[PDB]
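Peer 1: This one's a deposited entry, sequence included:
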Amino acid sequence: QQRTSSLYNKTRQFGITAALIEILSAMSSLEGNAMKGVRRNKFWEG
Amino acid sequence: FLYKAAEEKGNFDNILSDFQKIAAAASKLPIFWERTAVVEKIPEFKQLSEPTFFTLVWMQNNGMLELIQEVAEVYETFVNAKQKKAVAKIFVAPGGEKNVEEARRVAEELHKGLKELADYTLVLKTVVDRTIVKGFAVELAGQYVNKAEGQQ
Amino acid sequence: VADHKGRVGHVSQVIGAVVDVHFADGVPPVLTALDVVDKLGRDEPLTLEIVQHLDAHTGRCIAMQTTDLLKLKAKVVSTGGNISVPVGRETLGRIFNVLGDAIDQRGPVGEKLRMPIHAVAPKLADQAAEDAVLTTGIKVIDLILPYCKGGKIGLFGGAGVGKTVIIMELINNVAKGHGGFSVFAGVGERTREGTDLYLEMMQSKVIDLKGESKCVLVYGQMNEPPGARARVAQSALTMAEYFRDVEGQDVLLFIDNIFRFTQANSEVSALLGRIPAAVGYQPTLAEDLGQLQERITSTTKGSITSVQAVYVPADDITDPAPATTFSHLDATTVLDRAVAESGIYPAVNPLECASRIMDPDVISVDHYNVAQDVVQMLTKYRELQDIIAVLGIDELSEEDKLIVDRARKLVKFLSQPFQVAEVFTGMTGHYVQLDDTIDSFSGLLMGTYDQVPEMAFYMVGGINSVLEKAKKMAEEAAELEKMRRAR
Amino acid sequence: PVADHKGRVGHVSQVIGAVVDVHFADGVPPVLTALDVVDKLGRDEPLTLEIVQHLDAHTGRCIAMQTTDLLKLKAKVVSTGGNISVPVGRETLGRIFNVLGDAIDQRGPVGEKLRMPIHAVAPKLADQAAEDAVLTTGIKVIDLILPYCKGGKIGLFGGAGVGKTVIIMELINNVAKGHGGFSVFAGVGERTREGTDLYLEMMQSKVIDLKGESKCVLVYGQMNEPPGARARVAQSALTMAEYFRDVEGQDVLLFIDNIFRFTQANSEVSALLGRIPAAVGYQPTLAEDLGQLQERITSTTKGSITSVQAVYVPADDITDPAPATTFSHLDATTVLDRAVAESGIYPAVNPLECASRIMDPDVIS
Amino acid sequence: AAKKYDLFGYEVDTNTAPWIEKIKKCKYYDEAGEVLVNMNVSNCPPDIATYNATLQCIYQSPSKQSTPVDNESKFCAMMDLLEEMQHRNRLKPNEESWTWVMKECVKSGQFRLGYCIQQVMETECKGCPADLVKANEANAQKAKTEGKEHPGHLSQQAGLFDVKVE
Amino acid sequence: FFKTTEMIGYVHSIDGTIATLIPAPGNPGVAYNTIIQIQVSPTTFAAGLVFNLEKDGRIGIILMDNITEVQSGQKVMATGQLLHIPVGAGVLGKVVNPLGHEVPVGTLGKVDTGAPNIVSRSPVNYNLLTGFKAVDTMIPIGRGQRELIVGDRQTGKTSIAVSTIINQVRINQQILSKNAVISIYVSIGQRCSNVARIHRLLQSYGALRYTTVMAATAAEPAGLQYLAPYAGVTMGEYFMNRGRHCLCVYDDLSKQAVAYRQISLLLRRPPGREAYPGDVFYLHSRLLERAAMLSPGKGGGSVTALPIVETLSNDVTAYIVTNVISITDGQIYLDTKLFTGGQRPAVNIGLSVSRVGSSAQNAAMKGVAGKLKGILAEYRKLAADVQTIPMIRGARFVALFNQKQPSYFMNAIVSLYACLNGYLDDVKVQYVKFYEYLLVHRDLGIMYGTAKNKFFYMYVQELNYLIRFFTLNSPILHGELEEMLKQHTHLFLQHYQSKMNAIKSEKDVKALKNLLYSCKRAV
Ligand SMILES: Nc1ncnc2c1ncn2[C@@H]1O[C@H](COP(=O)(O)OP(=O)(O)OP(=O)(O)O)[C@@H](O)[C@H]1O
Ligand SMILES: Nc1ncnc2c1ncn2[C@@H]1O[C@H](COP(=O)(O)OP(=O)(O)OP(=O)(O)O)[C@@H](O)[C@H]1O
Ligand SMILES: Nc1ncnc2c1ncn2[C@@H]1O[C@H](COP(=O)(O)OP(=O)(O)O)[C@@H](O)[C@H]1O
Ligand SMILES: [Mg+2]
Ligand SMILES: [Mg+2]
Ligand SMILES: [Mg+2]
């Protein structure tokens, strides 16, 4: 019970991490494919 | 933008000359001049037309001066379409551009086959391809004919 | 920009099943249907459904067919409205797809009206209180988690536990004699299963080609792209709504599997620029399912008895999809793999099931009391099983063993051979009446059958079948004794 | 012949870690091409780059085999006219080499007859062998439960401090010394001292006769080396083995330690290359990289290569994508368990999780 | 005469006369199966007559194909064909089909299969053609006297340690 | 009169096994999921597949061959057609790539077809004999069925499928070619050597005449590994649409998903669970839905699928494994513990299931399987919770399930019937295989001159089809069947078991041990 409670905690701690690298990998691939465009700003007025 | 501005005046060859000057000037500029560019300061660009210089300043503001050689290609395509000119690219080996008599004949035959380009005027543009050692290739409106050979 | 019918656009982007369309006159309203008219050399027509507006001119859409041979700048024409499906009694006995086109090769269908698949759910004032028991002819369901007419039923289970089989048994027992109509929606399931269902229904005369049929089939299956599997459920639900409201009939609505509706939307969610939620589902999981489920309800005009099969991925009932569907049901039937591995079918875990009508006011007092006693005994039996493994059966007191002996009979008596699983079991099915089940369990609890052998309750119907099996068991045992005696 | 891009001049445009972008006016050379940085930059050693991607018709992304310290933008780079080539032949026997093929033993010039590129295509189906025989190692567990196959592929999966290296040395002593054919030791991301100890041991056993004929070649890119070198030393060592197998029809032993560092190195560069990472954080091309490398490690109709590869299991997690993918590329698998070692049992082989292909009555008695 | 309908209610072509003529013009009986395949593709399910013609071609054909095929057996093919007809098509074999099988067994010299077919005709059909029953018994007599009633290796005396388990 | 291609643009970037294209201004453009040719030389082209069409006009390309020859700036030509590969009987006995190119050894079908419609199918009623008693009895497989083979590494996933292909060789030689079973073995991400060993193994048994191999080795790019199942099934759909039956084996789908993940991530597709793409289920779903049993109106052909899947530490909770299990009509679970315990094939009957059921069993096997199923169920429970008949026969059934090569139907059904009717009650469990070997490869009655049967003998291989027609429990065959078993049992017990139980010498004991172990690997 102290060998299945140290693997119920080493396995809860790797889920919170592995499931956050999976959200933040999608976020980073949904961000780089959102390309920056030509800005219709007043470059003369500055 | 450069096509719309030129259309109002009705002259398009001025832009083409401006690109030619830009290409000639860039050959003398230091490496990676696009990233250290103040077009206002560069004297070579002082002789350009207002639309071209305006566009160059527009790019420099966004740091996209590396697209000069590609915007020109699009502008030429618009001009050729407006003027009803069909350009056939003749890909030839380096130094093999001396003989293009067959290339012109092939280009004309392709032009005849294409019904859309019936009214368009045929033009030939030579390109050097290092992948072919002998022969030539002709491309026109997507129709590509290969009569070339490379290293064995 | 009121009437967008015939409006023209051009395809701008194509990535998988998601297509971006550019309209010069303004993107049509969301959920609008578009046809890609430009002939691209395809063997099948291409239709798109708008899901988002990127700007005043650009709109993102999901295709219903494969996007193969699709080029940029192809010509798109709006249909002037959402996806429309035929409705009415003329659809009875027929098979349809997500687009409402018949695929039975049985000739044109005479449609007098078409309705959009997307509709607003009934409001609070349009809710009807119908508390009446539905007799499915199954001992476990009728006793522990009785079903309610006009309500919602879920069959939560993993893979291979018997979700599809139970639906077939329910159809055979409830649909053949149903006064009203029936609608079956196959969603992201095996195509052969639908074929077997179609053959069975024709044999049972539910679908009478020469006469009058009383059921409709709508199939969008695994082979179909995610766009079709995310809308087939709406199409069939639209047909049921018409029968409920316009015809004022009591209709049955079977869905298998509703999870695929969630799965399909998750597949396209990534390409729509939506950050995934936990596990990997779309952030709009709860909302999208809620809108659909609220439409599946019984109103003051008519009643819809809905049976939905839910797939619990990897037998993990904590998964967002199975859990989100628990609150949208009136009766939940949870199947467990361990029960099936023990030879018990249907593999229902009564401790995890629940029903809304499990109240004395709705059902008879005897029914309520018997069910609770069964549940308590099963709960106590499981507690004893832990002791029986550590101490052994010998250590248990007189009272405890009596609970063990009675409980084991209850576990085996809950099993029942279905009329549709004869090939699987090799024995004829049984249809147990509601009264017989209550009486049979009531006697068992108080020890009226303590002397009956345990195996006599295994894979049988009512109490009468139990006695006959016990008699047969006694006869064969006597024959074996006689053979041993001669030796 | 001579490459059409040799002497081509480019300029450095971007530097991030060990990843460098080079812009060529006349056109980026072919992928896998080797480039040399000409600018002095005050560096203590030369700088060499290998092209791995094409960003555009003129720009190419490359990995540096040495540290990129004191590297500025606009620095001048010259193409070498071909991929990274290494010496081959008997001249390399008894010598120590690095990823670039330069001798590091402080001894006379190699004087090789020729050189061959590290990157090469794998043998095809028709060039595969069909010979199964038992290699006797002298170890009870291996020779009984998971016997090794001559000319086959062997893997030693283990954690840290479990016995992977020890078993390799035992195999080397019991096989390589009494081996008619040649041997190649490929150190990849391992302790430098181990290479030194091996070099002394091979000299004492006279497998390396400094004044006579030797039977062993050493190729070492170790932990201290940057990721670029650790991702290519295995290719160079394997290329030498290929030459002996084919050009001479000679049996070869190939002791690789550790192969996991090869995958780890490609992971480090891939993160810098701007690739979305797969599960755990490995590069998406993990399987392809191993497949190209392992398929070259095979026995053909011309010769035979018996390969023994040490595999490191990070955090003792055998489900990690790196070791997990390697199982399908091995004829013999030897799994080591930390708990078994802690019980005093050496070797720590876990026979239940071990397997072999020649465990067939048609092959063994 | 009467339109037949398939499993799903669609009608099936019943004019199977031309296909029978094609079957009766084959050289090797494997080509007959191709005709049956074409019939099924054309939604023209074979009838009892078609199967009997196929059996006749098998009996009268020289071999399965132009080139020999190892372990080819006319009896096995015909029995499999009957299995398809009765089980996967719901058609009862008639006397003609069984007679063809009995003729093949007699022709091939397989006198033990003839006994089983003889009982089958005596059980399902009405007896057996007495010409073939006598011929089958005659085949048995020949090897009954030739010392080839049972393959000899089977009859060799063996022992616990005298059997070679390959 | 010119062979004018359709140039659409140039190659911009290359990242390993994928590339990106920039379209030349004013060009026709390319269509989605079409094939394109990258001109690596004026006469040499590299194949690519369109995967993405971006707003910028850039195109994502999956390379298939001649990758090393691809460079930035090269021209690209558009064929404008989907992927079509050679199909026909002229490909059997050959090794090919997903593109149809043949691999030297030492009609065009579309790869993106749709699955058969609901009304174009028929119920599964024709068995496909694997040759293994455990599978054929407890896990029936029917033509037109998708039966997963899920297990851990080194458990027999490949061997069982190969044996299934081999078991059809003997059958195909006898029956007409109409009912012959063709085989399409697809190797995905496997070693090139293993393919060669498989090719030789198939050649030894003569299975190449009815089999073809489609290989996408590990060294090959991910694109080929991604298309191999679709190309393989396409070759098998040629026979399905022409009134013939086929069997497609995928070894294995686990490595296909890795390739698809590799392609998607490189081409900037947003990731999902375990970094797999969102539409990973739809990948396998459309692959396995193409395997069906066509209706009588369309020819009656079929394709049988035996996808193979690998797990880690017997974890069937993984992502792709769960998706495939939800698709197939059944699963054969190979357990590591049973494999190391001596049970081979290591089929876990409890975790294995076939949703087709008895409908995919021959009338002869139905009766045996149904009664056998009840005995085993009781046997599992009895031991889990005393020598009774179910427990006596259950162990012998288990011992009979150990095999190394596929068994002929006649031999297998007869042995099961004998154990079912108690003929093996007096036979010790250790000697069951030896008893079976004598029954099949010997005839005790003839040896001792006590055989009175007229036709029913185990050496008459032609009896298999008679058994498959009338059933063992029929008057024609039942009477002689019981007599033969009764004689075989009595002779076996008297002359063999008595001596075997009387062995005490170490030399004799060792010799007996070798015999019995050999009998396991013989029958
Ligand atoms: N066969 C053996 N007998 C006794 N002790 C051993 C044996 N193998 C290993 N050990 C012990 O384990 C230690 C580590 O062994 P080894 O150098 O082989 O590790 P490894 O597997 O190479 O790990 P790493 O290289 O990651 O450090 C040795 O120093 C020794 O103490
Ligand atoms: N029925 C069997 N009886 C005895 N040995 C068997 C049997 N089936 C397979 N084997 C042996 O078991 C080993 C593994 O078999 P196989 O190649 O089929 O595994 P696998 O499932 O393909 O594993 P992997 O492909 O991951 O290596 C081989 O040595 C094979 O000869
Ligand atoms: N009533 C039953 N009796 C026996 N076996 C059953 C029964 N119901 C289901 N099964 C088992 O489950 C299989 C069918 O599974 P199915 O109903 O499709 O489940 P799901 O759709 O949840 O995966 C059958 O082949 C059989 O093995
Ligand atoms: Mg189901
Ligand atoms: Mg070490
Ligand atoms: Mg395998």
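Peer 2: That came through fine. Numbering: from 1, shown residues only, chains lettered A, B, ... in the order given. Ligands and ions are numbered 1, 2, ... in the order given.
Peer 1: Endpoints of stretch F:494-510, how far apart?
Peer 2: In stretch F:494-510, first residue to last residue: 22 Å (Cα to Cα, to the nearest Å).
Peer 1: near chain D at all, that stretch?
Peer 2: No. Stretch F:494-510 is not in contact with chain D by Cβ under 8 Å from any Cβ of the partner chain; minimum separation 13.9 Å. Bear in mind the C-beta positions are built from the backbone N, C-alpha and C, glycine included.
Peer 1: List the buried residues in that stretch.
Peer 2: For stretch F:494-510, burial by neighbour count (16 or more other Cβ atoms under 10 Å in any protein chain shown) applies to F:496-497, F:500.
Peer 1: Remind me what the longest helix seen in chain E packs against, helices and strands.
Peer 2: The longest helix of chain E (DSSP state H) is helix E:130-146. Contacts defined by 3 or more Cβ pairs under 8 Å, 6 or more residues apart in numbering or on different chains; DSSP states H and E place helix E:130-146 against helix E:95-108, helix E:111-123.
Peer 1: Please name the residues that touch residue F:364.
Peer 2: F:413, F:467-468, F:470-472 (Cβ atoms under 8 Å, 6 or more residues apart in numbering or on different chains).
Peer 1: Which one of those is nearest to ligand 1?
Peer 2: Of all the contacts of residue F:364, ligand 1 sits closest to residue F:413, with 52.9 Å by Cβ to the nearest ligand atom.
Peer 1: Tell me which other helices or strands the helix or strand that closest one falls within touches.
Peer 2: Element membership for residue F:413 (DSSP states H and E) is helix F:409-420. Helices and strands touching helix F:409-420, by 3+ Cβ pairs under 8 Å, 6+ apart, are helix F:133-138, helix F:363-384, helix F:389-400, helix F:432-441, helix F:463-470, helix F:475-492.
Peer 1: and of those, who's closest to residue C:205?
Peer 2: helix F:363-384 (28.2 Å; Cβ to Cβ).
Peer 1: near ligand 3 at all, that closest one?
Peer 2: No. Applying Cβ under 6 Å from any ligand atom, one finds helix F:363-384 out of contact with ligand 3, separated by at least 10.6 Å.
Peer 1: quick check: angle from that helix to helix F:389-400?
Peer 2: Orientation note: helix F:363-384 sits at an angle of 110 degrees relative to helix F:389-400 (axes from the mean of the first three to the mean of the last three Cα atoms, to 10 degrees).
Peer 1: Using PDB, list the CA coordinates for helix F:363-384.
Peer 2: Extracted C-alpha coordinates of helix F:363-384, given in PDB (Å, rounded to 0.1, in the frame of the first residue of the first chain):
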ATOM      1  CA  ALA F 363     -22.600 -26.900 -40.600                       C
ATOM      2  CA  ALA F 364     -20.200 -29.600 -39.500                       C
ATOM      3  CA  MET F 365     -18.400 -27.200 -37.100                       C
ATOM      4  CA  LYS F 366     -21.500 -25.600 -35.700                       C
ATOM      5  CA  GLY F 367     -22.500 -28.600 -33.600                       C
ATOM      6  CA  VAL F 368     -19.000 -29.200 -32.300                       C
ATOM      7  CA  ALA F 369     -18.400 -25.600 -31.500                       C
ATOM      8  CA  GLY F 370     -21.600 -25.000 -29.700                       C
ATOM      9  CA  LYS F 371     -21.200 -27.900 -27.300                       C
ATOM     10  CA  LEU F 372     -17.400 -27.200 -26.900                       C
ATOM     11  CA  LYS F 373     -18.200 -23.600 -25.900                       C
ATOM     12  CA  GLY F 374     -20.300 -24.600 -23.000                       C
ATOM     13  CA  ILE F 375     -17.700 -27.100 -21.700                       C
ATOM     14  CA  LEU F 376     -14.900 -24.500 -21.700                       C
ATOM     15  CA  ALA F 377     -17.100 -21.900 -20.000                       C
ATOM     16  CA  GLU F 378     -17.800 -24.300 -17.200                       C
ATOM     17  CA  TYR F 379     -14.100 -25.400 -17.100                       C
ATOM     18  CA  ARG F 380     -12.900 -21.800 -16.700                       C
ATOM     19  CA  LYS F 381     -15.400 -21.300 -13.800                       C
ATOM     20  CA  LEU F 382     -14.800 -24.600 -12.100                       C
ATOM     21  CA  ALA F 383     -11.000 -24.200 -11.800                       C
ATOM     22  CA  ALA F 384     -11.400 -20.500 -10.900                       C
END
